[PDB]
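Please note: Cβ atoms are built from the backbone with ideal geometry, for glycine as well, and neighbour counts cover all protein chains shown. Here, each number is a calculation from the coordinates, and none is a lab measurement.
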Ligand SMILES: [Ca+2]
């Protein structure tokens, strides 16, 4: 996250870190045994780390649970990043409490102008690289689909939305992928892509979670 703020320990209780020896992507806990992330974060050997603040220090609220299965969206296209969503099942259910909690799926799609919370452990610089260790947060509005398409001609599908600031300076970034965009207490987006980070006229692009609620529910019900 570039241009954000330190969230505070366990203030984003649905945020998870996906670990394969190291943090590589975010995700969102949506029930005691399932995480939503980006399909472009897929790999084998995932350990889901819940209750994290500093990802390099054991601070006392962590739960580390290996994944038993991953399910990339059936129509994910890695070239266009259309349908950039995947589900990860935990081998055992997480213990839910104030500091480790699921986030609700949306009942309806958000609108442009709504403020959301974006979070992650990704790069905090637009130029160069610095990874923060504690969780970072950014409040940002969803942008109009016309603004989004104008920023990224020929690239924005109905399964994507832009959020952030056209002026630059505030955005998600490398290492935030797969993490949450939460608006009015519901998971509306997944950190997906963008051209660089926090550049002028290049806002963040996010997977539009409300389009996937039926798929998510059905998939969980049979897996
Ligand atoms: Ca920790």
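The label point for residue 96 and the one for residue 58, both projected 7 Å from the Cα toward the Cβ, are 2.7 nm apart.
Remark: relative contact order (the chain) = 24 percent; criterion is Cα-Cα distance under 8 angstrom and separation of 6 or more residues.
Estimated at 0.36 nm per residue, the fully extended path between residue 24 and residue 213 surpasses their Cα-Cα distance by 65.6 nm. Here the label points at residue 200 and residue 66, each 7 Å from Cα along the C-beta direction, are separated by 5.1 nm in the simple model. Packing, as the average of other Cβ atoms within 10 Å across residues, places the peptides 130-139, 170-179, 51-60, 157-166 in the order 170-179, 157-166, 130-139, 51-60, highest first. Each label point was placed 7 Å from the Cα along the Cα-to-Cβ direction; for residue 150 and residue 79 their separation is 2.9 nm. Secondary-structure-derived ellipticity at 222 nm for the chain, considering helices only, amounts to -2000 deg cm²/dmol, per-run term -39500 (n - 2.57) for DSSP H runs with n ≥ 4.
Let a ≥ b ≥ c be the square roots of the eigenvalues of the Cα gyration tensor of the range 34-130; is it rounded (a/c under 1.5), or, if not, prolate (a/b larger than b/c) or oblate?
Details: a/c = 1.30, a/b = 1.17, b/c = 1.11.
Note, shape of the range 34-130 comes out rounded.
Which of rounded, prolate, oblate describes the range 58-185, given a ≥ b ≥ c as roots of the alpha-carbon gyration tensor eigenvalues and a/c under 1.5 marking rounded, otherwise prolate only if a/b is larger than b/c? It comes out prolate by the Cα gyration axes.
For a test of the definition: using alpha carbon positions, the gyration tensor, and the 1.5 limit on a/c, classify the chain as rounded, prolate or oblate.
Working: a/c = 1.61, a/b = 1.22, b/c = 1.32.
Taking the square roots of the gyration eigenvalues as a ≥ b ≥ c, the chain is oblate.
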